[PDB]
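S.K.: Can you keep this structure in mind? I'll have questions shortly.
Readers should treat all values here as calculations from the given coordinates under stated rules, not as data from a laboratory. Heads up, the Cβs are rebuilt from the backbone with ideal geometry, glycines too, and the neighbour counts pull from every protein chain shown.
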Amino acid sequence: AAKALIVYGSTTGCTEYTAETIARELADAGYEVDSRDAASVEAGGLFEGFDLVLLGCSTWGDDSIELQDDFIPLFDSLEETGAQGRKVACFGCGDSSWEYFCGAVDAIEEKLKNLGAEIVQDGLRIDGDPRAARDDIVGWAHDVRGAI
Ligand SMILES: Cc1cc2nc3c(=O)[nH]c(=O)nc-3n(C[C@H](O)[C@H](O)[C@H](O)COP(=O)(O)O)c2cc1C
């Protein structure tokens with residue numbers, strides 16, 4: 001009955017597997033889940049019709065914090081997605097060898113807050129292998145549902 005959208009930007013598959021794991025948790029709890037690669041979406045009205053939106057994005061950049069490339073157009077047009085009043089939470093893969101660990105998650109959360117979204121949980125930051133972190137991912141999904 002409640003509808004969740006998960007949109008992920010992933011280049012090596014880490015954030016995509018994380019998104020799949022979240023989608024299964026939410027669907028087992030009774031949500032209808034639509035999980036979309038950011039490469040396939042357009043920003044205008046993207047969040048319309050959804051009760052919960054989860055945004056996943058890995059972090060990149062040779063010497064600066066950059067978002068995963070398929071997520072950049074969505075971030076640049078986040079003001080047109082329908083985020084005002086929307087229950088959101090963010091997740092992403094990264095590598096703690098880097099100073100700005102999952103820094104894309106911070107950038108997306110900051111812009112969502114300016115846009116009036118309701119961030120329902122602190123962002124999930126996956127370091128290294130996501131299958132190794134599966135219990136952390138499922139637990140975070142449970143906590144997001146519990147904060148609605
Ligand atoms: C050039 C480069 C820069 C990166 N910069 C960061 C970074 O600043 N912070 C971070 O947490 N991870 C950084 N990473 C690591 C990745 O985000 C990590 O490999 C991640 O697992 C990719 O997730 P994805 O498969 O979902 O795209 C960097 C990786 C590369 C190759």
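S.K.: Please arrange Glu118, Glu99 by how many other C-beta atoms lie within 10 Å of their C-beta, fewest to most.
M.R.: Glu99, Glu118
S.K.: With the contact rule set at Cα under 8 Å and sequence spacing of 6 or more, what percent relative contact order holds for the range 1-113?
M.R.: Taking the mean separation of contacting Cα pairs over the length of the range 1-113, I get 30 percent.
S.K.: Summing +1 for each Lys or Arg and -1 for each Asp or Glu, what net charge is found among the other residues whose Cβ lies under 13 Å from the Cβ of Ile148?
M.R.: Here the count lands on +1.
S.K.: Once you list every other residue whose beta carbon is under 12 Å from the beta carbon of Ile22, what net charge do they have if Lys and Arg are +1 and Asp and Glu are -1?
M.R.: -3
S.K.: To the nearest 20 debye, what charge dipole does the chain have about its Cα centre, counting +1 at the Cβ of each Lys and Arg and -1 at the Cβ of each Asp and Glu?
M.R.: 540
S.K.: If you don't mind, another one. Grab the DSSP H runs of the chain that are 4 residues or longer, score each as -39,500 (n - 2.57), total them, divide by all residues and round the 222 nm result to the nearest 500 deg cm²/dmol.
M.R.: -9000 deg cm²/dmol
S.K.: Where does the charge balance sit around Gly13 when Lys and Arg score +1, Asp and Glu -1, over other residues with C-beta under 12 Å from its C-beta?
M.R.: -3
S.K.: Grab the Cα-Cα distance for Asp129 and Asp62, subtract it from 0.36 nm times how many residues apart they are, and report the gain in nm with one decimal.
M.R.: Extra length available between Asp129 and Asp62 comes to 22.0 nm.
S.K.: Average projected area of the Cα convex hull of the chain, in nm²?
M.R.: If you wrap the Cα atoms of the chain in a convex hull and average its projections, you get 7.8 nm².
S.K.: Pull the list of the chain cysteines that no other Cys approaches to under 4.7 Å, Cβ to Cβ.
M.R.: Those would be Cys57, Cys90, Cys102, since no other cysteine Cβ in the chain comes under 4.7 Å of theirs.
S.K.: Express in whole angstrom the spacing between the alpha-carbon centres of the range 28-91 and the range 97-148.
M.R.: 12
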